[PDB]
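First, one chain by itself in structure tokens, the form deposited in one PDB entry.
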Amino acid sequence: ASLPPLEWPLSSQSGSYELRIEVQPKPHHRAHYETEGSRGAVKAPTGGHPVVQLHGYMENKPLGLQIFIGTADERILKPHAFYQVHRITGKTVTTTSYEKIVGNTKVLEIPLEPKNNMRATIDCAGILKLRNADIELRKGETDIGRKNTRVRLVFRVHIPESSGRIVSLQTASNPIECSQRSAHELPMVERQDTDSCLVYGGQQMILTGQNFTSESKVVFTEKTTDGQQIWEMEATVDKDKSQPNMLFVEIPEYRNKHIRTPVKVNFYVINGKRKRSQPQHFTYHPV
């Protein structure tokens, strides 16, 4: 009954409302292929499942909380043409689910009810992977697909306003890696200790992610608005066996220490050559 193309940006909050995301999806989750059995819902790091909750909605009437697998690349958010949310039901499921479909994106509607304070426990969302040859070979689609295997659980809701104005809120989750192989080999950074410092550095930054090994090297880099790399420093990383999935790196010092404006830098992790994480965000501040 509403009209919000899945590709349109939406803030996570507006007015007194806020579309939180209590628990988060774990890092890895092997999507399943149509030619195979189901691989379950998206479990949480804890052992349970994700959880989203509204806030400013204090009226008493359920609301439909949408769910679709979104893209997770650099560019803005948009439906991931290679992955579809897949509805699981019955036995090991306590969330009634409705399954729509918009454009080419499958959407799973879950209800948020005042009974639980608008707090749904997403335990019925699965991930289906479509074959690439069938998605790339579509009259219009110019999206890649090869090595394109990370997603974001996108949530969306439409709180109706007594003024006759549909108020849309939306929020994505942290990226999940659906490839079996790109889970055993590619290192991933889930949480970073700090995100900046003066062009001095030296300060330690702890990284929390997966597949971090004794050879996990970190590298900072910089590039202009066109893509041409103009700086490549290999920040010093450490090794701690007691500490399971963390990494301690020493922020290298920016090239031009004589800067009057803050800058934008990126850093990743590399275990071999192909095994490389995504570019992480960081900023160097003036002395």
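So that the term is clear: the rigid core is the largest set of C-alpha atoms that superpose within 1.5 Å between two forms. Only residues modelled in both forms are compared. Numbering starts at 1 and follows the sequence shown.
Beyond what is shown, the protein has a form deposited in another entry; the following relates to that form.
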Worksheet item: Upon rigid core superposition, which of the listed residues (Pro111, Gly126, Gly145, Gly201) is displaced by 2 angstroms or more at its Cα between the shown form and the other one?
Response: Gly201
Worksheet, complete the sentence: Cα of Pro27 vs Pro279, shift of 3 Å or more in the other form, relative to this form: the pair sits closer
Response to the item:
in the other form the CA atoms of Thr225 and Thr171, compared with here and shifted by at least 3 Å, lie closer
Discussion item. With the rigid core superposed, where do three or more consecutive residues all shift their C-alphas by 2 angstroms or more between the shown form and the other one?
Written reply: 188-236, 245-269, 276-287
